[PDB]
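Shown next: model36.tsv, given as TSV, C-alpha atoms and all ligand atoms.
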```
chain	number	residue	atom	x	y	z
A	701	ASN	CA	43.37	-46.82	10.29
A	702	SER	CA	43.84	-50.40	11.39
A	703	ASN	CA	44.03	-53.19	8.71
A	704	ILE	CA	42.12	-55.76	10.80
A	705	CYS	CA	38.55	-55.70	12.24
A	706	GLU	CA	38.52	-54.56	15.83
A	707	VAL	CA	36.05	-57.25	16.90
A	708	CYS	CA	37.16	-60.48	15.14
A	709	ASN	CA	40.82	-59.46	14.33
A	710	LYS	CA	40.62	-60.57	10.67
A	711	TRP	CA	41.23	-58.67	7.42
A	712	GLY	CA	38.57	-58.41	4.69
A	713	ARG	CA	36.02	-55.76	3.63
A	714	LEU	CA	36.55	-53.16	6.38
A	715	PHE	CA	34.74	-49.87	7.10
A	716	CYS	CA	37.02	-47.32	8.79
A	717	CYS	CA	36.17	-44.98	11.67
A	718	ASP	CA	36.62	-41.28	10.80
A	719	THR	CA	37.36	-40.21	14.40
A	720	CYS	CA	39.67	-43.01	15.60
A	721	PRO	CA	41.90	-45.63	13.97
A	722	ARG	CA	39.50	-48.66	14.36
A	723	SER	CA	38.01	-50.61	11.49
A	724	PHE	CA	35.14	-53.10	11.24
A	725	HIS	CA	33.49	-55.68	9.10
A	726	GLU	CA	29.93	-54.60	8.29
A	727	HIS	CA	28.21	-57.08	10.67
A	728	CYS	CA	30.94	-57.10	13.35
A	729	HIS	CA	30.12	-53.48	14.29
A	730	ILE	CA	26.94	-53.12	16.34
A	731	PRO	CA	24.79	-51.61	15.06
A	732	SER	CA	25.76	-52.84	11.51
A	733	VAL	CA	27.87	-50.20	9.79
A	734	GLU	CA	25.60	-47.40	8.47
A	735	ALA	CA	25.06	-47.17	4.63
A	736	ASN	CA	26.17	-43.59	4.11
A	737	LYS	CA	27.17	-41.02	6.83
A	738	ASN	CA	30.42	-39.25	5.94
A	739	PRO	CA	32.23	-38.82	8.20
A	740	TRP	CA	31.36	-42.02	10.16
A	741	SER	CA	32.11	-42.52	13.88
A	742	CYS	CA	32.22	-46.00	15.48
A	743	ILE	CA	30.56	-47.15	18.66
A	744	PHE	CA	33.78	-46.69	20.66
A	745	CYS	CA	33.81	-42.99	19.63
A	746	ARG	CA	30.07	-42.51	20.23
A	747	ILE	CA	30.47	-43.94	23.73
A	748	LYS	CA	33.46	-41.65	24.44
A	749	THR	CA	31.39	-38.57	23.39
A	750	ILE	CA	28.57	-39.47	25.85
A	751	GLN	CA	31.10	-39.46	28.74
A	752	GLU	CA	32.80	-36.21	27.59
A	753	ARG	CA	29.41	-34.52	27.32
A	754	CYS	CA	28.41	-35.56	30.89
A	755	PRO	CA	31.52	-36.25	32.97
A	756	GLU	CA	29.38	-37.04	36.04
A	757	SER	CA	27.89	-40.08	34.17
A	758	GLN	CA	31.12	-41.83	35.29
A	759	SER	CA	30.36	-41.42	39.07
A	760	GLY	CA	29.37	-44.74	40.64
A	761	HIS	CA	25.89	-46.25	40.14
A	762	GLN	CA	23.94	-49.06	41.81
A	763	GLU	CA	23.30	-52.11	39.53
A	764	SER	CA	19.63	-52.15	40.62
A	765	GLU	CA	19.14	-48.54	39.44
A	766	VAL	CA	20.94	-49.28	36.10
A	767	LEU	CA	18.81	-52.37	35.33
A	768	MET	CA	15.51	-50.37	35.76
A	769	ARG	CA	16.48	-47.78	33.25
A	770	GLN	CA	14.39	-47.52	30.13
A	771	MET	CA	16.08	-48.27	26.88
A	772	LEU	CA	16.32	-44.65	25.66
A	773	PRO	CA	18.97	-44.04	22.92
A	774	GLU	CA	21.93	-43.72	25.21
A	775	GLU	CA	21.12	-46.94	27.16
A	776	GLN	CA	20.40	-48.67	23.84
A	777	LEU	CA	23.88	-47.62	22.73
A	778	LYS	CA	25.60	-48.79	25.87
A	779	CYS	CA	23.94	-52.23	25.62
A	780	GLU	CA	25.08	-52.50	21.94
A	781	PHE	CA	28.65	-51.64	23.02
A	782	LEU	CA	28.59	-54.16	25.90
A	783	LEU	CA	27.41	-56.80	23.41
A	784	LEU	CA	30.17	-55.81	21.02
A	785	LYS	CA	32.76	-56.17	23.85
A	786	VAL	CA	31.70	-59.77	24.35
A	787	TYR	CA	31.98	-60.55	20.57
A	788	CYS	CA	35.50	-59.09	20.74
A	789	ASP	CA	36.68	-62.13	22.75
A	790	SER	CA	37.36	-65.12	20.55
A	791	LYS	CA	35.66	-67.43	23.05
A	792	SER	CA	32.33	-65.79	22.14
A	793	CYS	CA	32.24	-68.22	19.16
A	794	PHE	CA	30.81	-70.86	21.51
A	795	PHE	CA	27.82	-68.66	22.39
A	796	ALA	CA	27.16	-66.90	19.06
A	797	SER	CA	24.78	-69.15	17.22
A	798	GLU	CA	21.76	-71.29	18.24
A	799	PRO	CA	22.91	-74.18	20.41
A	800	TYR	CA	21.60	-77.71	20.64
A	801	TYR	CA	21.53	-80.12	23.51
A	802	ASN	CA	22.12	-83.87	23.40
A	803	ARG	CA	24.51	-85.06	26.08
A	804	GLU	CA	24.23	-88.22	28.17
A	805	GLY	CA	23.06	-87.25	31.65
A	806	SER	CA	21.87	-83.70	30.90
A	807	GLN	CA	18.76	-82.00	29.71
A	808	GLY	CA	18.67	-78.83	27.63
A	809	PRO	CA	17.70	-75.44	29.18
A	810	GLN	CA	14.02	-74.45	29.21
A	811	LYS	CA	14.96	-71.15	27.59
A	812	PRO	CA	17.88	-71.33	25.16
A	813	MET	CA	19.76	-68.09	24.43
A	814	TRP	CA	22.65	-67.06	22.23
A	815	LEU	CA	24.56	-63.87	21.28
A	816	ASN	CA	23.00	-63.56	17.74
A	817	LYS	CA	19.55	-63.76	19.21
A	818	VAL	CA	20.36	-60.93	21.67
A	819	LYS	CA	21.85	-58.99	18.71
A	820	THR	CA	18.61	-59.31	16.79
A	821	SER	CA	16.57	-58.43	19.84
A	822	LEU	CA	18.55	-55.18	20.21
A	823	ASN	CA	18.29	-54.47	16.59
A	824	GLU	CA	14.47	-54.91	16.68
A	825	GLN	CA	14.07	-52.77	19.85
A	826	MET	CA	12.53	-55.61	21.85
A	827	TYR	CA	14.02	-54.60	25.17
A	828	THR	CA	12.24	-51.78	27.04
A	829	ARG	CA	14.71	-51.71	29.96
A	830	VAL	CA	18.38	-52.50	30.53
A	831	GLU	CA	17.31	-55.41	32.73
A	832	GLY	CA	15.88	-57.26	29.63
A	833	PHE	CA	19.17	-57.24	27.87
A	834	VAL	CA	21.33	-58.11	30.94
A	835	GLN	CA	18.96	-60.98	31.86
A	836	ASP	CA	19.28	-62.63	28.41
A	837	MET	CA	23.10	-62.12	28.46
A	838	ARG	CA	23.42	-63.72	31.88
A	839	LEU	CA	21.08	-66.54	30.83
A	840	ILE	CA	23.48	-67.55	28.06
A	841	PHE	CA	26.15	-68.37	30.60
A	842	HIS	CA	23.84	-69.78	33.21
A	843	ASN	CA	22.37	-72.23	30.65
A	844	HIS	CA	25.90	-73.35	29.65
A	845	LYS	CA	26.92	-73.92	33.35
A	846	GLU	CA	23.87	-76.00	34.06
A	847	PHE	CA	24.12	-78.16	30.89
A	848	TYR	CA	27.84	-78.93	30.96
A	849	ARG	CA	27.86	-79.78	34.64
A	850	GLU	CA	31.27	-81.17	35.63
A	851	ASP	CA	32.72	-81.18	32.13
A	852	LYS	CA	35.63	-78.78	32.16
A	853	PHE	CA	33.93	-77.11	29.15
A	854	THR	CA	31.79	-75.28	31.75
A	855	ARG	CA	34.78	-73.00	32.23
A	856	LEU	CA	34.17	-71.33	28.87
A	857	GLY	CA	30.92	-69.95	30.28
A	858	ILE	CA	32.70	-68.63	33.36
A	859	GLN	CA	35.32	-66.96	31.26
A	860	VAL	CA	33.01	-65.24	28.82
A	861	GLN	CA	30.66	-64.20	31.71
A	862	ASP	CA	33.65	-62.55	33.42
A	863	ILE	CA	34.27	-60.53	30.24
A	864	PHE	CA	30.60	-59.51	30.13
A	865	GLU	CA	30.54	-58.53	33.84
A	866	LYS	CA	33.79	-56.48	33.82
A	867	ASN	CA	32.51	-54.55	30.79
A	868	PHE	CA	29.06	-54.07	32.27
A	869	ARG	CA	30.65	-52.48	35.39
A	870	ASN	CA	32.86	-50.27	33.15
A	871	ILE	CA	30.27	-49.12	30.60
A	872	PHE	CA	27.52	-48.38	33.05
A	873	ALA	CA	29.92	-46.99	35.72
A	874	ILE	CA	28.84	-49.37	38.51
A	875	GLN	CA	30.10	-48.27	41.97
A	876	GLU	CA	33.31	-50.11	42.78
A	877	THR	CA	33.09	-52.47	45.80
A	878	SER	CA	35.43	-54.72	47.80
A	901	ZN	ZN	35.09	-58.68	12.06
A	902	ZN	ZN	35.99	-44.64	16.27
A	903	ZN	ZN	26.39	-32.33	31.87
```
Can you dump the structure from the file as structure tokens?
Ligand SMILES: [Zn+2]
Ligand SMILES: [Zn+2]
Ligand SMILES: [Zn+2]
Amino acid sequence: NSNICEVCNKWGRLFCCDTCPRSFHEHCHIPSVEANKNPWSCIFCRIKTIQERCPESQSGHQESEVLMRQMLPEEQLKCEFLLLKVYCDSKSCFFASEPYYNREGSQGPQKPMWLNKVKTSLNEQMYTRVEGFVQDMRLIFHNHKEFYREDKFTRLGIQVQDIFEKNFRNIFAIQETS
């Protein structure tokens, strides 16, 4: 096994995957690492099994069809993984916790959103369809773009959104386009 957490790249109290070399802090893994379960398999491994069980799940899909899917267990899992892939970039620190807004010349967003709120929402099964989760994720970056305006800090939102969007297309096997 690895000696650092796969998500935040730090040592500490790590739980080790039994089917791959990855390790995790308790609250870095999504869902939070399960109390018992020996052996234990991480979210990377559980996502690989889904693909291996239904190879055709990797044929191309339309985004509009993906978004309307109900949050059954396998879609729940894929959204948790996509969220985890965003937390794996260090720039996610800017979007993790509840923001506040007091900048000369700007007004705060009507609907604030942050990664830990989306985490809790997933955890509490508040999304009924994929669309619910993707809308909140995209709103995080859209709020940041609007508030920071021409400050070069807006770029952090573009960068972390690109990580989200690349992973969304991968995880949900979105049809490749020019
Ligand atoms: Zn960690
Ligand atoms: Zn694993
Ligand atoms: Zn099959």
### Message
Using all atoms listed in the file for the distances, tell me which of A:719, A:730, A:808, A:795 is nearest to ligand ZN 901 (chain A).
### Response
A:730
### Query
Could you state the separation of CA of residue 833 in chain A and CA of residue 789 in chain A in Å, given to one decimal place?
18.9 Å
Per residue of chain A within 9 Å of ligand ZN 902 (chain A), which atom pair is closest and at what distance in Å (one decimal), using all atoms listed in the file, listed by chain and increasing number, as JSON lines?
```
{"residue": "A:716", "atom": "CA", "partner": "A:ZN902", "partner_atom": "ZN", "distance": 8.0}
{"residue": "A:717", "atom": "CA", "partner": "A:ZN902", "partner_atom": "ZN", "distance": 4.6}
{"residue": "A:718", "atom": "CA", "partner": "A:ZN902", "partner_atom": "ZN", "distance": 6.5}
{"residue": "A:719", "atom": "CA", "partner": "A:ZN902", "partner_atom": "ZN", "distance": 5.0}
{"residue": "A:720", "atom": "CA", "partner": "A:ZN902", "partner_atom": "ZN", "distance": 4.1}
{"residue": "A:721", "atom": "CA", "partner": "A:ZN902", "partner_atom": "ZN", "distance": 6.4}
{"residue": "A:722", "atom": "CA", "partner": "A:ZN902", "partner_atom": "ZN", "distance": 5.7}
{"residue": "A:723", "atom": "CA", "partner": "A:ZN902", "partner_atom": "ZN", "distance": 7.9}
{"residue": "A:740", "atom": "CA", "partner": "A:ZN902", "partner_atom": "ZN", "distance": 8.1}
{"residue": "A:741", "atom": "CA", "partner": "A:ZN902", "partner_atom": "ZN", "distance": 5.0}
{"residue": "A:742", "atom": "CA", "partner": "A:ZN902", "partner_atom": "ZN", "distance": 4.1}
{"residue": "A:743", "atom": "CA", "partner": "A:ZN902", "partner_atom": "ZN", "distance": 6.4}
{"residue": "A:744", "atom": "CA", "partner": "A:ZN902", "partner_atom": "ZN", "distance": 5.3}
{"residue": "A:745", "atom": "CA", "partner": "A:ZN902", "partner_atom": "ZN", "distance": 4.3}
{"residue": "A:746", "atom": "CA", "partner": "A:ZN902", "partner_atom": "ZN", "distance": 7.4}
```
### Message
Using only C-alpha atoms and all ligand atoms, which residues have at least one atom no more than 8 Å from ligand ZN 903 (chain A)? Output them as a PyMOL selection string.
### Response
chain A and resi 753-756
### Task
Throw together the list of residues within 10 Å of ligand ZN 901 (chain A), counting only C-alpha atoms and all ligand atoms, and drop it here as a list in words.
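Based on only C-alpha atoms and all ligand atoms, ligand ZN 901 (chain A) is surrounded within 10 Å by residues 704, 705, 706, 707, 708, 709, 710, 711, 712, 713, 714, 723, 724, 725, 726, 727, 728, 729, 787 and 788 of chain A.
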Selection file, C-alpha atoms, as a PDB file, in the frame of the given file:
```
ATOM      1  CA  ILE A 704      42.120 -55.760  10.800  1.00  0.00           C
ATOM      2  CA  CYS A 705      38.550 -55.700  12.240  1.00  0.00           C
ATOM      3  CA  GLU A 706      38.520 -54.560  15.830  1.00  0.00           C
ATOM      4  CA  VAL A 707      36.050 -57.250  16.900  1.00  0.00           C
ATOM      5  CA  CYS A 708      37.160 -60.480  15.140  1.00  0.00           C
ATOM      6  CA  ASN A 709      40.820 -59.460  14.330  1.00  0.00           C
ATOM      7  CA  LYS A 710      40.620 -60.570  10.670  1.00  0.00           C
ATOM      8  CA  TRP A 711      41.230 -58.670   7.420  1.00  0.00           C
ATOM      9  CA  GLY A 712      38.570 -58.410   4.690  1.00  0.00           C
ATOM     10  CA  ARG A 713      36.020 -55.760   3.630  1.00  0.00           C
ATOM     11  CA  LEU A 714      36.550 -53.160   6.380  1.00  0.00           C
ATOM     12  CA  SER A 723      38.010 -50.610  11.490  1.00  0.00           C
ATOM     13  CA  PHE A 724      35.140 -53.100  11.240  1.00  0.00           C
ATOM     14  CA  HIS A 725      33.490 -55.680   9.100  1.00  0.00           C
ATOM     15  CA  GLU A 726      29.930 -54.600   8.290  1.00  0.00           C
ATOM     16  CA  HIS A 727      28.210 -57.080  10.670  1.00  0.00           C
ATOM     17  CA  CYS A 728      30.940 -57.100  13.350  1.00  0.00           C
ATOM     18  CA  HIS A 729      30.120 -53.480  14.290  1.00  0.00           C
ATOM     19  CA  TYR A 787      31.980 -60.550  20.570  1.00  0.00           C
ATOM     20  CA  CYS A 788      35.500 -59.090  20.740  1.00  0.00           C
TER      21      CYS A 788
END
```
Got a sec: who's within 8 Å of residue 813 in chain A, counting all atoms listed in the file, leaving out chain neighbours fewer than 3 positions off, as a compact mmCIF listing (two decimals) with C-alpha atoms, in the frame of the given file?
```
# COMPACT_ATOMS: atom_id res chain seq x y z
CA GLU A 798 21.76 -71.29 18.24
CA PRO A 799 22.91 -74.18 20.41
CA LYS A 817 19.55 -63.76 19.21
CA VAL A 818 20.36 -60.93 21.67
CA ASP A 836 19.28 -62.63 28.41
CA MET A 837 23.10 -62.12 28.46
CA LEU A 839 21.08 -66.54 30.83
CA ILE A 840 23.48 -67.55 28.06
CA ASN A 843 22.37 -72.23 30.65
```
### Message
One decimal, in Å: what's the spacing between CA of residue 846 in chain A and CA of residue 806 in chain A?
### Response
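Result for CA of residue 846 in chain A versus CA of residue 806 in chain A: 8.6 Å, one decimal.
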### Query
Interatomic distance between CA of residue 865 in chain A and CA of residue 702 in chain A?
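Computing it gives 27.3 Å between the two atoms.
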Quick one: axis-aligned box around all listed atoms of range 823-835 of chain A, 6 Å on every side, centre and edge lengths in Å to one decimal, written as lines of an AutoDock Vina configuration file.
```
center_x = 16.8
center_y = -56.3
center_z = 24.7
size_x = 21.1
size_y = 21.3
size_z = 28.1
```
#### Entry: Residue contacts of residue 807 in chain A (8 Å, all atoms listed in the file) excluding same-chain residues fewer than 5 positions away, as a list in words
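Counting all atoms listed in the file, the residues come to residues 801, 802 and 847 of chain A.
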#### Entry: Selected residue, from A:876, A:862, A:734, A:775, that lies nearest to residue 828 in chain A when counting all atoms listed in the file
A:775
### Query
From the list A:747, A:871, A:858, A:782, which residue is nearest residue 761 in chain A when using all atoms listed in the file?
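Once distances to residue 761 in chain A are computed over all atoms listed in the file, the minimum belongs to A:871.
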